[PDB]
Amino acid sequence: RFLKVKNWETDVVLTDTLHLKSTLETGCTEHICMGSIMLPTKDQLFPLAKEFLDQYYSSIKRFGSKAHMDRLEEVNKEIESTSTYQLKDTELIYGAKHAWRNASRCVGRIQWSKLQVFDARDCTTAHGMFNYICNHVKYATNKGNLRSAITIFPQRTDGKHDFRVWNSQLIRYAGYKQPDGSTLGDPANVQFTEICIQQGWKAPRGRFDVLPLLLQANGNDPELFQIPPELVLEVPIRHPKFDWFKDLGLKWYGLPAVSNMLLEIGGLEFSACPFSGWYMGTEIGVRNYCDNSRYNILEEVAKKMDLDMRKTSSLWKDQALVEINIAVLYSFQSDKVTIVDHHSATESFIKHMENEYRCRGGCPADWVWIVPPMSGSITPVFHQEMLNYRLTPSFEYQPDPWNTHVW
Amino acid sequence: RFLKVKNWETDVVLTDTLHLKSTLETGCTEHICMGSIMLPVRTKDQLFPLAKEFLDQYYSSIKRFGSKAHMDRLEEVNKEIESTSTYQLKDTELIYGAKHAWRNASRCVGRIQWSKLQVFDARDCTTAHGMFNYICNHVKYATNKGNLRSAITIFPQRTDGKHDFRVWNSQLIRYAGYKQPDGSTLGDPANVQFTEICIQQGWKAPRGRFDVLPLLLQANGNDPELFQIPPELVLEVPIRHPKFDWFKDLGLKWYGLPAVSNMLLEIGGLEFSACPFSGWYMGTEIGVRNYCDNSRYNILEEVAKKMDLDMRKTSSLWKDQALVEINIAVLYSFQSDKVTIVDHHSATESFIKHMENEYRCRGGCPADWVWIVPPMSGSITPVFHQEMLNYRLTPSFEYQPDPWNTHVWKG
Ligand code: HEM
Ligand code: HEM
Ligand SMILES: Cc1cc(N)nc(CCc2cc(N)cc(CCc3cc(C)cc(N)n3)c2)c1
Ligand SMILES: Cc1cc(N)nc(CCc2cc(N)cc(CCc3cc(C)cc(N)n3)c2)c1
Ligand SMILES: [Cl-]
Ligand SMILES: [Cl-]
Ligand SMILES: [Cl-]
Ligand SMILES: [Cl-]
Ligand SMILES: [Zn+2]
Ligand SMILES: [Zn+2]
Ligand SMILES: [Zn+2]
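Procedures and definitions
- Residues numbered from 1 in each chain as written, not as in the entry; some residues may be left out.
- Chains lettered and ligands numbered in written order.
- Heavy atoms only, no water.
- Donors = N, O, S within 2.8 Å, 3.2 Å for Na, K, Ca; no water.
- Tetrahedral: all angles 85-135°; square planar, octahedral: opposite > 155°, others 65-115°.
- Buried < 20%, exposed > 50% of the residue type's maximum accessible area, 1.4 Å probe, protein only.
- Axes fitted to C-alpha atoms, helices over the stretch in contact; angles between N-to-C directions.
- Helix = DSSP H or I, 4+ residues; strand = E, 2+ residues; numbered from the N terminus.
- Parallel < 35°, antiparallel > 145°, perpendicular 65-115°, else oblique.
- Contact = heavy atoms within 4.5 Å.
- Near = heavy atom within 4 Å.
- Polar contact = N/O pair within 3.5 Å; in protein donor to acceptor, adjacent residues only side chain to side chain.
- Nonpolar A, V, L, I, M, F, W, Y, C, P; charged D, E, K, R; others polar.
- Domains from an automatic or database assignment.
- Pairing = 2+ DSSP bridges.
- Core = buried A, V, L, I, M, F, W, Y, C linked by side-chain atoms within 4.5 Å.
- Buried area = accessible area lost by both parts, 1.4 Å probe.
- Areas by Shrake-Rupley, 256 points an atom, 1.4 Å probe, with all protein chains shown as cover.
- Salt bridge = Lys/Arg side-chain N within 4 Å of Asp/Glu carboxyl O.

Header annotation of the entry names X-ray crystallography as the structure determination method and lists the resolution as 1.95 Å.

Enquirer: Got a sec to walk through the coordination of the zinc ion (ligand 9)? Specific residues and values, please.
Expert: Under ideal tetrahedral coordination, the four donors around a metal are separated by 109.5 degrees; under ideal octahedral coordination, the six donors are separated by 90 or 180 degrees. Only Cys28 of chain A (SG), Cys33 of chain A (SG), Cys28 of chain B (SG) and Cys33 of chain B (SG) from the protein reach the zinc ion (ligand 9) as donors, at distances of 2.4 Å. Angles of 100 to 121 degrees at the metal separate the four donor atoms of the zinc ion (ligand 9), which places the site in the tetrahedral class. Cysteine 28 of chain B sits in the buried class, given a relative accessible area of 2%. By relative accessible area, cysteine 33 of chain B is classed as buried at 9%.

Enquirer: Before we move on, could you go through the packing of helix α8 (residues 316-334) of chain A against helix α8 (residues 318-336) of chain B and cite the residues and values that matter?
Expert: Any two packed helices are characterised by how steeply their axes cross, that is the angle between the axes, and by the distance between the axes. Orientation of α8 of chain A relative to α8 of chain B, taken along the N-to-C sense of each, is 175 degrees, at an axis distance of 10 Å. By the criterion of interaxial angle, the relationship of α8 of chain A to α8 of chain B is roughly antiparallel. Taking contact as the criterion, the partners of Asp318, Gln319, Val322, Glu323 and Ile326 of chain A in α8 of chain A are, on α8 of chain B, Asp320, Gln321, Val324, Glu325 and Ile328 of chain B.

Enquirer: Explain helix α5 (residues 192-200) of chain B residue by residue, including any values.
Expert: When α5 of chain B is considered as a whole, its buried residues turn out to be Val192, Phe194, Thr195, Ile197 and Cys198 of chain B. The inward-facing, buried residues of α5 of chain B abut β6 (177-179), β7 (185-187), β8 (215-218), β9 (225-227) and α11 (403-406) of chain B.

Enquirer: Kindly report on the site of ligand 2, identifying the contributing residues and their values.
Expert: Residues and elements named next belong to chain B. Near ligand 2 you find 18 residues, and of these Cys108, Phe277, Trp280, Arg289 and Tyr399 are the closest. Residue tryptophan 102 places a side-chain N or O atom 3.4 Å away from a nitrogen atom belonging to ligand 2. For the shell around ligand 2, the class distribution of residues is 11 nonpolar, four polar and three charged. When residues of the shell around ligand 2 are assigned to domains, at least three map to each of domain 1 (16-123 + 150-160 + 264-278 + 348-372) and domain 3 (236-258 + 281-346).

Enquirer: Could you give an account of the pairing of strand β1 (residues 3-6) of chain A, naming the residues involved and the relevant values?
Expert: Residues and elements named next belong to chain A. One ladder, built from four bridges, connects β1 with strand β2 (residues 13-16); its direction is antiparallel. Within β2, the position partnered with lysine 4 by the bridge is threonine 15. Counted along the chain from β1 to the antiparallel partner β2, the turn is six residues long, and its residue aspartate 11 has a positive phi close to 70 degrees.

Enquirer: Tell me about the coordination of the iron atom of ligand 1, residues and numbers included.
Expert: The protein gives the iron atom of ligand 1 a lone donor atom, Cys106 of chain A (SG), placed 2.4 Å from the metal. With respect to the helices and strands, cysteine 106 of chain A occurs in the loop between α3 (89-101) and β3 (116-119).

Enquirer: An account of the nonpolar core is requested, with residue identities and associated values reported.
Expert: Of all hydrophobic cores here, the largest spans 121 residues; its most connected members are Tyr289 of chain A together with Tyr291 of chain B. Among residues more than four places away in sequence, those in contact with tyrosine 289 of chain A are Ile237, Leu250, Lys251, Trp252, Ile284, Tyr295, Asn296, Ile297, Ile324 and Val328 of chain A. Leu14, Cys33, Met280 and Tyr389 of chain A belong to the second largest nonpolar core, which has 59 residues in total.

Enquirer: Break down the domain arrangement of chain B for me, citing the residues and quoting the values.
Expert: All names here are of chain B. Split into domains, chain B comes out as domain 1 (16-123 + 150-160 + 264-278 + 348-372), domain 2 (124-149 + 164-235 + 399-403) and domain 3 (236-258 + 281-346). Using only C-alpha atoms to locate each centre, domain 1 and domain 2 end up separated by 27 Å. Taken together, the contact pairs 22 residues of domain 1 with 17 residues of domain 2. When domain 1 packs against domain 2, close to 1600 Å² is buried across both sides, 60% of that on carbon and sulfur atoms.

Enquirer: I'd like to hear about the site of ligand 3, residue by residue, with values.
Expert: Taken together, 13 residues surround ligand 3, and among them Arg172, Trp278, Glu283, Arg287 and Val368 of chain A come closest. Site remark: ligand 3 is flanked by residues from chains A and B. One of the backbone nitrogen or oxygen atoms of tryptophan 278 of chain A is found 2.9 Å away from a nitrogen atom of ligand 3. Within the complex, the protein chains bury 74% of what would otherwise be the 640 Å² of accessible surface of ligand 3. Every element with two or more residues in the shell around ligand 3 is listed here: α6 (281-290) and α10 (367-370) of chain A. Across the shell around ligand 3, the residue classes tally to nine nonpolar, one polar and three charged. Structurally, the shell around ligand 3 is a two-domain feature, drawing no fewer than three residues from each of domain 1 (16-121 + 148-158 + 262-276 + 346-370) and domain 3 (234-256 + 279-344) of chain A.

Enquirer: Before we move on, can you summarise the pattern of salt bridges with the specific residues and values?
Expert: Taken as a whole and judged by the stated rule, the model has 41 salt bridges over all chains. Here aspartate 11 of chain A and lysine 6 of chain A are joined by a salt bridge, their closest N and O atoms 3.2 Å apart. What makes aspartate 11 of chain A exposed here is its relative accessible area of 51%. Taken together, the shared-partner salt bridges connect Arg42, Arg158, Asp164, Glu266 and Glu271 of chain B into one network.

Enquirer: A description of the sheet that holds β9 of chain B should follow, citing residues and the corresponding values.
Expert: All names here are of chain B. Reading across the sheet, the three strands line up as β5-β8-β9 and stay open at both edges, with antiparallel pairing between neighbours. Each edge of the sheet is formed by a strand with only one pairing partner; in this case those strands are β5 (166-167) and β9. Here three bridges tie β8 to β9, and the two strands are oriented antiparallel to one another. Within the sheet, the bridge partner assigned to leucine 217 lies in β9 and is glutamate 225.

Enquirer: Describe the interface of chain B and chain A, with residues and values.
Expert: In this assembly, 62 residues from chain B lie in contact with 63 residues from chain A. Carbon and sulfur atoms make up 60% of the area that chain B and chain A hide from each other, which totals about 5200 Å². Our count for the contact surface shared by chain B and chain A stands at zero salt bridges. At the surface where chain B touches chain A, the tally comes to 37 residue pairs in polar contact. Among the secondary structure elements, those contributing two or more residues to the side of chain B that touches chain A are β1 (3-6), α6 (283-292), α8, α9 (344-362) and α10 (369-372) of chain B. When grouped by side-chain class, the residues that make up the side of chain B that touches chain A number 28 nonpolar, 24 polar and 10 charged.

Enquirer: Any chance you could break down the pairing of strand β8 (residues 213-216) of chain A for me, citing the residues and the numbers?
Expert: The two faces of a sheet get side chains in turn, since along a regular strand they alternate between them. All names here are of chain A. Because side chains alternate across β8, one face comprises the buried residues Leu213 and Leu215, and the other comprises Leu214 and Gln216, equally buried. The pairing of β8 with strand β9 (residues 223-225) spans three bridges and is antiparallel. Pairing of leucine 215 across the sheet is with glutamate 223, part of β9. Here β8 folds back onto β9 in antiparallel fashion, the turn holding six residues, of which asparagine 218 has a positive phi close to 60 degrees.

In structure tokens, the structure reads:
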């Protein structure tokens, strides 16, 4: 009931009591840990509503108050009659902030309370969606001084009138299978690109083509829109010491904006809820550039560096990795676009985690995702024991809409 | 039940059925994953099923399941348990068991090697002097003048829990640590507590940065005794860098033989509380953990200073640059001295090949991602994007309390 986590570097031991409020399943059992698996009615709805409203009212120190009891009754009455209910703006904001607070895979959560929430529940069409998104992009980007934001479109009703952003991120690069056999641009986006082309997009067929938005309103067929090119802030990548680096012709976008997840607040399901923050440098320099299924540039970089690539034991891959990540951070910093390096981000996280343990009784964290994809051991999260469990409100995965959508 | 794992780099999907043989607990529940938690006198009644499970596995493995020899062995073990409360393993069973404990070790990236383990049966040992002699032979054999060979030495099993064999050292070879009055540490901070015990026991400490600890050995539940491993048996590598000539002057070296001596080996329900086992190093164990952990030799700052990196802000990645250079140095040094070592790219590539083979031939390969992914450059190794399933198979290696906490002193 009281669970201990130890830091193996500092010997500090912390006690978790918050896990007793865990609700969804982890995927693990007493027999098998699924910690490294990436994806492991009115009747149902009122309990979830009550659970949420209780935590809300507690948070504003009005638990058991008349206003609390009246609100619970109101929602009971609304579900009984309408089969769903509507969140107050205050509840929406609290819910969205807490879904981020509860995101056990996010190292960036020290920031959770400063989230700007844009209520787009009045949106009715795809063109409406496009306007809201352009506004979110411009607000979040803020000329390179990035601010966290989320935009919340209308909730699911009967599941046949869903709002969805078909893009996995608001901003991402196209991917094209070539006659050659290789891939041009981002291999991660090959399927989505094809769908854009099949829906009508005139693809430029280049290496860094910002994809169009494919937007679905009210369960209708999705529609194509181009984000105003002047709202997409991009950074050309150069190195502070290697002059040949710019010649690789690399760039990335400044705004990471996840658009394919589902937000659950008090049983209500927000299927379109794009949210954005700013990048940790390794996300671009390790994952996006160096994964074998992504831009896969390690070999090209190592070649230009004149490293001995005969044997793995020369650590050429590791040298090239560091330099690529130096270049990313240098480029963003020189262009004054917000970015955080993995040492700074994980140090901030450990501070946030300690605050959370003392003020809230715990901080669910998924070590597999919290430890950065390079230099793990020399960051303060590596030696930190974590407990992973699911709290609501939450962000959840959901299937890609092209499998689901009835055309 | 069939469980699928995916590789996110290759899209290759494997199917695990071996999890159906899982026994002990993970620490996890449907509500809480304890995947990142480091640590999450048996009755006759519990013992025979454990014995039987094991002997069934052993006899299937030799393709004699259900044979007369199999049935006779079950009956022979059953009666032995009835009349003595325990039983003795045959040598073949002990060998099989020890190899399987390694094969089942979910935190071990080196498991491609599991079937090539030299097993030294020390079950006839009765004294700490006898233990010392067995351990010297193990070290000499495994070291093999730098051409390292995997080995385990198995001392007598637990009986009543009052007569345990223990190696009090956490590894057979490890460097002393000395906490100074000023609060600094000379040598390896991981071994301060054990060093103090050795000193208390009568060890004359050289008080240097790399003093090889004496062995502290307990036989048959007696008080442990001190022994110095012959210096000529301790193979060490001075650490230098292929391009930086000042690296050697940091004064670093490390021992070639990683030999874990504090774990418990469980086979067929029997408990082997002294079972030191050794392989060879992956480079990051020395370069990342032993050298660069803050609670260890903590050399990152000193190295980065000598490299003249911009240390004013973490975003220069000065820490990461120094880390790579230190690890290059460790691999270069071992390779130059012809002492076996494996780099993390090679070790993880071999492990993935091992893992896929295990899925194909065995129905699974329990693996602990937190441990399998190397402590640097995780994502560019082929294990990072590999989904794994962690579960406990027996035979197994287990943690046990440090013996100074539990031992009843005879004086
Ligand atoms: C403000 C700066 C932010 C930073 C630096 C940050 C950092 C990260 C990183 C690094 C990861 C995944 C691990 C990796 O890529 O190496 C992640 C995951 C995640 N983040 Fe954050 N984040 C930030 C803002 C946000 C915001 C504003 C939200 C929502 C409001 C959010 C929600 C999530 C969720 C749900 C995941 C897991 C995604 C998944 O399961 O695929 N993050 N974050
Ligand atoms: C032969 C070469 C070997 C290599 C390269 C190797 C490598 C490793 C590494 C790298 C780890 C932990 C991850 C890390 O330290 O960064 C580990 C853990 C482990 N190894 Fe292996 N190993 C080898 C041989 C063996 C042998 C012979 C055994 C026993 C028969 C063994 C049993 C284990 C066990 C039980 C663990 C988990 C330790 C714990 O939980 O504290 N290994 N090994
Ligand atoms: C809002 C926000 C801001 C910010 N800076 N970063 C994010 C996360 C974005 C993200 C996007 C993708 N496509 C993949 C991952 C890791 C995918 C992954 C991780 C691990 C640890 C293993 C694996 N197989 N895949 C993370 C969100
Ligand atoms: C036989 C053998 C051969 C060989 N080459 N290596 C080993 C493992 C040795 C080992 C020894 C210690 N003290 C700690 C760890 C990991 C400690 C650790 C790992 C992680 C992932 C987290 C954490 N907190 N601590 C591993 C055994
Ligand atoms: Cl990304
Ligand atoms: Cl990834
Ligand atoms: Cl070690
Ligand atoms: Cl460690
Ligand atoms: Zn688990
Ligand atoms: Zn990746
Ligand atoms: Zn460490």
